[PDB]
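**Q** Chains as they are written, first to last, in the entry's author numbering: chain B, 6 to 377; chain C, 6 to 377; chain D, 6 to 377; chain G, 152 to 211; chain H, 152 to 211.
The C-beta atom is built at its ideal place from N, Cα and C for all residues, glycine as well.
Please read through the structure below; I'll follow up with questions.
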Amino acid sequence: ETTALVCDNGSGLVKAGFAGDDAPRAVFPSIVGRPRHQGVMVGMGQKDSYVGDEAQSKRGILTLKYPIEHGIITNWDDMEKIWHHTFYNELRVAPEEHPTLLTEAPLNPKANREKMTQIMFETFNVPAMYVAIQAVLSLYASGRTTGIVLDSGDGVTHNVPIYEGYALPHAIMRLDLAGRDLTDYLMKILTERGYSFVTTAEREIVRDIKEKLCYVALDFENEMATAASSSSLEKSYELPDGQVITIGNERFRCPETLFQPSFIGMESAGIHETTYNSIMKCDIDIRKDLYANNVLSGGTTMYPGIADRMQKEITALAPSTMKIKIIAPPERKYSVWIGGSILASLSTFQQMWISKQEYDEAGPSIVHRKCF
Amino acid sequence: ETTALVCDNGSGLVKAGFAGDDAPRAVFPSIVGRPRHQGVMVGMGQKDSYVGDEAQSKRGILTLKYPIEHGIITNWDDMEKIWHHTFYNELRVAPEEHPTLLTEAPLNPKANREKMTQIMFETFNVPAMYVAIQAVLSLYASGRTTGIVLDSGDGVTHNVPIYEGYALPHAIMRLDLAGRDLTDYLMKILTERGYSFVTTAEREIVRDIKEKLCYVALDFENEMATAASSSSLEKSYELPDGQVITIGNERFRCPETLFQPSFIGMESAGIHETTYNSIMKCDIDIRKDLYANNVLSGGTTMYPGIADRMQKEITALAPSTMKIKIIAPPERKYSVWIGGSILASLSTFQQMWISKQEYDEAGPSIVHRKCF
Amino acid sequence: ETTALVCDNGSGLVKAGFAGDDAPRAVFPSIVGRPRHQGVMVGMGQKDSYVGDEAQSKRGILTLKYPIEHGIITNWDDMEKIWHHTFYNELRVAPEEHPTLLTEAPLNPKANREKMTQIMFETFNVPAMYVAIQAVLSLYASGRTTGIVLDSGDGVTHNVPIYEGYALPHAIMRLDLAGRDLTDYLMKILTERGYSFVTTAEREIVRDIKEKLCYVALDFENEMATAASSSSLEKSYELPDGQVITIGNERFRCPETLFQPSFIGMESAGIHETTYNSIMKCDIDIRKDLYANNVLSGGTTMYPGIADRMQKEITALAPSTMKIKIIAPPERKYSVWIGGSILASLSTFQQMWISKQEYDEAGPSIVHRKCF
Amino acid sequence: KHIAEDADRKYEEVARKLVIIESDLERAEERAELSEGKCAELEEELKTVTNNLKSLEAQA
Amino acid sequence: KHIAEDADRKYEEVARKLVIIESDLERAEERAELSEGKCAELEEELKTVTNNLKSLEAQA
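Structure follows, in structure tokens:
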């Protein structure tokens with residue numbers, strides 16, 4: 006059988022690998038770089054652009070930019086350099102031998118679905134491809150065919166109810182606020198404490214801090230009080246150049262913005278609220294499976310203690326005769342990619358791929374007939 | 006009514022005076038001096054420290070040190086000597102009779118707000134006080150309750166979107182480049198021309214030069230070309246010990262760093278990009294007033310020809326269906342202090358002051374209940 | 006490849022020779038002389054000017070002057086007499102058959118780079134030339150592409166952080182103190198002991214003394230105490246006309262001015278302070294390699310025991326988790342010239358030269374396009 | 152002269168060996184500490200992983 | 152003789168210094184090697200615990 010590349014298009018880390026595996030084989034930063042100089046590096050082989058660990062390590066002669074922001078490809082030309090790095094550097098294989106499965110947000114722009122279809126087929130010469138919604142794959146990685154996924158990436162949060170592998174297209178909810186925003190917010194609130202960070206070389210350490218030290222409080226007022234009454238809600242972090250900084254209440258405040266969007270000037274409702282407002286669009290005979298199968302997904306859901314908080318919040322909005330229970334997979338950060346590996350290795354799914362001939366007949370638009 | 010002291014905590018000139026005036030009554034250097042040697046003077050007595058025009062004129066046996074660097078109080082002990090000078094030497098009044106209004110940068114560190122609050126109340130015995138963001142006051146001096154302020158102050162730059170007297174806490178932008186590092190930069194680029202200045206006694210003349218001779222170009226490439234093609238972009242300055250020096254393209258290059266931060270190794274975006282990136286975080290119903298009330302504030306904005314440059318730059322970024330115009334006050338260097346005198350003399354504001362009784366009952370953190 | 010003449014523009018020793026060699030071919034004093042009176046010699050042919058070992062030996066008839074003072078070319082007419090002596094007397098070769106590489110300090114004046122370029126193409130008719138920063142060559146000679154150099158040369162001290170190629174142009178820091186003023190200082194402090202010197206013929210012996218007998222103390226107060234408590238910190242020197250003089254604490258005091266510029270009325274920061282203030286301007290992911298690889302360069306760094314002192318001083322300034330090391334090359338007095346000798350021999354470097362054709366097409370301005 | 156010269160050659164031989172050892176000492180320090188940083192990193196990860204294992208054991 | 156003797160003093164000090172540099176190389180080698188073994192070790196520990204946690208997680 007043809008080995009598929011499953012490539013999860015993350016807004017902060019790219020997760021990529023071969024199908025038939027139950028885990029990604031490549032994980033690298035979603036960063037693309039270009040020279041500070043008027044040309045190539047002195048006395049060394051020619052490259053016009055740099056990616057991942059090469060861009061992170063050669064940084065002193067580069068300007069760096071991001072290819073994807075808030076679940077949207079914000080520059081085609083840099084998403085291409087992630088793809089070029091993915092096939093030829095990280096997996097060291099010809100993509101033209103390997104069908105491609107691409108992850109996307111719910112309601113990902115159609116002009117974008119097409120530019121992705123076109124770029125894969127014309128430049129990389131892929132033999133076949135498909136594009137799939139993040140939450141739909143995370144449900145398959147949760148071992149269940151019907152349920153709802155709260156998927157919170159490194160840049161967007163969605164609530165996506167699904168019946169027997171199809172997402173319900175009227176009931177989906179979106180919130181631009183998650184891991185990208187969360188770093189910029191964390192950085193603001195640290196400046197406020199008097200640990201001013203103003204440089205993007207600091208922003209990436211603030212990102213790492215966030216991933217290591219943030220935790221979801223079970224009760225926001227009680228933890229806030231605890232930090233005001235005692236300094237036991239603070240953890241030290243030693244920066245790379247020495248200098249021990251102390252991270253305080255910012256730990257739980259940073260992710261608190263997910264429950265209360267008004268903290269950062271947004272008019273949107275919270276992630277638990279948009280869970281409730283999503284399920285109540287669905288039929289009563291299926292609401293039982295949706296409320297019982299609330300699945301957490303994506304990088305932002307890997308903060309400890311999240312389940313007890315989300316269990317609380319949803320039972321408070323939802324009637325006490327829908328069964329309520331949080332499903333948190335063992336490695337929920339990868340569940341989109343794992344579900345993509347499962348889907349790409351089903352025997353019945355091999356009829357679903359976009360072929361190169363159908364692309365030659367209908368242009369990039371074929372994704373709106375073969376995909377959903 | 007009680008006469009307030011409005012004290013602008015400026016990074017190069019302290020501006021101070023009495024409220025009910027529409028102009029500062031003391032405008033003096035933000036400098037403190039300390040002896041290089043024991044037995045400082047013969048037949049004339051001694052002092053352990055010096056401030057302002059006394060430190061500038063008695064300089065021949067002094068090290069100079071500073072209260073405020075980068076808009077940030079960097080040494081409490083020098084900020085105190087500036088304050089001691091302000092009340093007892095310059096205005097020749099008891100501060101304990103006069104409520105105090107202190108200016109601050111947007112997002113000024115909270116441990117700093119509290120050390121300033123504590124120092125004012127315990128040592129100076131002030132009857133009441135308040136702390137206010139610089140840019141908010143400059144908007145009141147522009148006759149306005151809603152607008153976006155570029156506060157490019159005496160030593161820090163901010164873009165500050167202000168809505169009905171409140172600076173929006175998610176939409177503020179900061180730049181670590183203004184009238185402080187502009188001197189240090191000017192000095193480097195003169196050394197490059199072969200007018201080597203290495204002494205801090207030379208640096209303060211370079212400062213004066215900068216204030217007198219710098220001008221904002223309307224077009225950076227066209228003025229640069231003009232200086233390369235002709236020596237008509239050069240103005241002479243006679244140094245205070247004879248010797249006529251010629252200041253060239255450095256005039257417009259020095260401030261050029263505000264538009265292009267990469268010239269000095271900073272990763273930051275320019276004052277125009279940080280204007281657009283600020284207003285794009287603001288609500289569409291208030292954009293209509295914010296874009297119409299683009300207000301210039303601070304010492305760094307007093308370079309001629311700024312408005313035509315700023316008008317250009319922001320129309321190129323922001324779309325062509327907004328009321329894009331630049332507001333430049335008649336004496337924009339003082340608009341913080343003037344707005345502080347206006348605020349301190351409103352009949353509705355007199356409930357807002359931290360009283361000595363509230364400081365005695367609640368301690369230094371009272372600033373985080375009375376101020377924002 | 007064409008044999009490149011590498012000229013080290015040292016402020017006290019000229020160093021010269023052919024590229025592709027491990028050590029300089031000529032090492033002679035940076036001195037030029039002219040007659041003190043009308044009529045100068047009988048019985049042998051008179052000369053209008055004198056240079057190098059001829060000026061050092063025939064000294065009494067000469068007004069000696071120095072072509073490079075304070076790291077800056079101060080008299081064009083004497084810098085030409087060094088270069089005419091270098092090609093036709095010392096190496097005995099035609100320079101019009103050879104490319105030329107010139108060493109320079111950082112931030113070298115544009116008018117001086119232009120007058121040197123013009124002299125090379127129009128006084129000496131060279132086919133090609135290039136100009137390079139002392140520290141960049143010393144680092145390349147060491148077998149490295151990344152590090153910070155403390156280049157304490159003959160006439161000036163510079164701090165120069167370098168990464169994977171060129172120096173970082175915003176981060177460089179300067180001090181107007183090295184081997185030049187060290188002699189004049191040594192001479193003052195000997196007069197103070199009662200070994201008065203007045204003749205510039207005495208100053209050159211004081212120079213030699215300085216190079217032989219000065220040593221960097223590891224602890225300034227403890228060595229000072231030792232000399233006050235015992236005469237074991239004194240070494241004898243027999244002058245060239247008999248008379249045994251005793252050199253005391255002056256040995257470590259002389260170079261002590263590098264750490265404390267206030268000893269000689271300067272306002273500047275010390276060599277360790279300007280090292281730390283330079284590295285703190287660099288990007289965080291390269292601060293690691295810059296703090297780890299602190300490199301010594303120049304004649305003034307050849308005083309024994311310097312590494313343990315500098316190791317101390319920098320660890321006290323910089324935090325204790327970038328793991329500091331002092332790199333002191335085996336022949337760190339010569340590493341500038343050796344770096345030029347290595348670099349000018351490479352096939353990759355032959356594209357960097359300023360040609361006589363580019364000087365005919367663009368004039369003296371070409372050096373600011375070709376040099377980095 | 153002949154004696155000085157023979158001391159200079161030897162001193163230059165020892166010097167040449169010395170800079171090889173100094174470059175090799177520097178690379179030996181840099182690698183030692185980089186491994187130590189990575190070793191600390193892996194220790195923070197086992198330590199978290201354990202705790203998640205101990206939280207998971209109470210759940211299980 | 153003076154020129155020979157001073158050259159000898161600096162080279163002899165350089166020699167005394169080389170010997171320290173040599174001891175220091177040895178000490179870096181021992182640390183570097185040891186820490187890479189501790190990393191290899193810690194990866195095998197982290198791997199066992201993680202495989203073990205995975206098998207439990209899967210029973211969960």
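Threshold first: 4 residues or longer. Then list the alpha helix (DSSP H) segments lying entirely within the stretch 195-241 of chain B, N to C.
**A** 205-218, 225-234
**Q** If you check the beta carbons only, do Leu193 of chain H and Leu185 of chain G fall under 7 Å apart?
**A** no
**Q** Using three-state DSSP, classify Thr91 of chain D as helix, strand or coil.
**A** helix
**Q** Which chain D residues are close to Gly65 of chain C, counting only those with a beta carbon under 9 Å from its beta carbon?
**A** Neighbours of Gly65 of chain C on chain D: none; closest Cβ ~11 Å, over 9 Å.
**Q** On the CB-based measure, 16 or more other CB atoms within 10 Å of its CB, does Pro334 of chain B come out buried or exposed?
**A** It is buried - the Cβ of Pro334 of chain B has at least 16 other Cβ atoms within 10 Å.
**Q** Confirm, please, whether the CB-CB distance from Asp156 of chain C to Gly22 of chain C is below 7 Å.
**A** no
**Q** Does any CB atom of chain C fall closer than 7 Å to the CB of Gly184 of chain B?
**A** no
**Q** Closest to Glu197 of chain C by C-alpha separation, out of D:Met192, D:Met285, D:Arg118, D:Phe268, would be which residue?
**A** D:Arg118
**Q** Looking at the structure shown, is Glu74 of chain B part of a helix, part of a strand, or coil, going by DSSP?
**A** strand
**Q** Closest to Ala116 of chain D by C-alpha separation, out of C:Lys115, C:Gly170, C:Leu18, C:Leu195, would be which residue?
**A** C:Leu195
**Q** In chain D, what lies closer than 9 Å to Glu180 of chain G by C-beta?
**A** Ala297, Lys328, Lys330
**Q** Report the three-state DSSP secondary structure of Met84 of chain C (helix, strand or coil).
**A** In the structure shown, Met84 of chain C sits in a helix (DSSP, three-state: H, G or I).
**Q** Give the residues of chain H in contact with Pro29 of chain B, contact being defined as C-beta atoms less than 8 Å apart.
**A** Ordered by position in chain H, no residue passes the 8 Å Cβ test against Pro29 of chain B, which lies about 15 Å from the chain.
**Q** Using 7 Å as the limit for Cβ to Cβ distance, is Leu263 of chain D near chain C?
**A** no
**Q** At a Cβ threshold of 7 Å, is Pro309 of chain B touching chain H?
**A** no
**Q** Could you tell me whether the Cβ atoms of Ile284 of chain D and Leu295 of chain D are closer together than 7 Å?
**A** yes
**Q** Whose CA, out of C:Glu239, C:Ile269, C:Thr68, lies closest to the CA of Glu272 of chain D?
**A** Taking only the C-alpha atoms, the option nearest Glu272 of chain D is C:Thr68.
**Q** Thinking just about the alpha-carbon of each residue, which of C:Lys293, C:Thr204, C:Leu218, C:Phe225 is nearest to the one in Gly65 of chain C?
**A** C:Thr204
**Q** For a cutoff of 7 Å on Cβ pairs, would you count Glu74 of chain B as touching chain C?
**A** Interface residue (Cβ-Cβ distance to chain C less than 7 Å): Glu74 of chain B is not classified as such.
**Q** Helix, strand or coil: which one does DSSP assign to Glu109 of chain D?
**A** strand
**Q** Residues in the stretch 128-155 of chain D with C-beta within 7 Å of chain G's C-beta atoms, listed in sequence order?
**A** The residues in question are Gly148.
**Q** Is there at least one Cβ from chain D nearer than 7 Å to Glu184 of chain G's Cβ?
**A** yes
**Q** Decide yes or no for the touch test of the stretch 135-145 of chain D against the stretch 163-183 of chain G: beta carbon pairs closer than 8 Å, at least 3 of them.
**A** no
**Q** Sorted by chain position, which residues of the same chain lie with C-beta nearer than 6 Å to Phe264 of chain B's C-beta, five sequence neighbours on each side aside?
**A** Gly275
**Q** DSSP puts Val37 of chain D in a beta bridge; with which residues?
**A** D:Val56, D:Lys70
**Q** Can you give the Cα-Cα distance for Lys63 of chain C and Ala155 of chain H, rounded to whole angstroms?
**A** Their Cα atoms are separated by approximately 55 Å.
**Q** Could you tell me which residues DSSP puts in a beta bridge with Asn299 of chain D?
**A** D:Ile153, D:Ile331
**Q** Consider the Cβ of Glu164 of chain H: report whether some Cβ of chain B lies at a distance smaller than 7 Å.
**A** no
**Q** Give me the DSSP bridge partner(s) of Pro166 of chain B.
**A** B:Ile153
**Q** Grouping DSSP H, G and I as helix and E and B as strand, with all else coil, what is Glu336 of chain D?
**A** Collapsing the DSSP output to three states places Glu336 of chain D in coil.
**Q** So within the stretch 260-297 of chain D, which uninterrupted alpha helix (DSSP H) runs reach at least 4 residues, ignoring any that extend past its ends?
**A** Qualifying alpha helix (DSSP H) stretches, in chain order: 276-284, 289-297.
**Q** Between the stretch 32-42 of chain D and the stretch 345-363 of chain D, are three or more C-beta pairs nearer than 8 Å?
**A** no
**Q** For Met49 of chain D, is the classification buried or exposed, using 16 other Cβ atoms within 10 angstroms of its Cβ as the cut-off for buried?
**A** exposed
**Q** If you check the beta carbons only, do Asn164 of chain B and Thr279 of chain B fall under 7 Å apart?
**A** Yes, the Cβ-Cβ distance between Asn164 of chain B and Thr279 of chain B is below 7 Å.
**Q** Less than 7 Å between the C-beta atoms of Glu101 of chain B and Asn80 of chain B, yes or no?
**A** no
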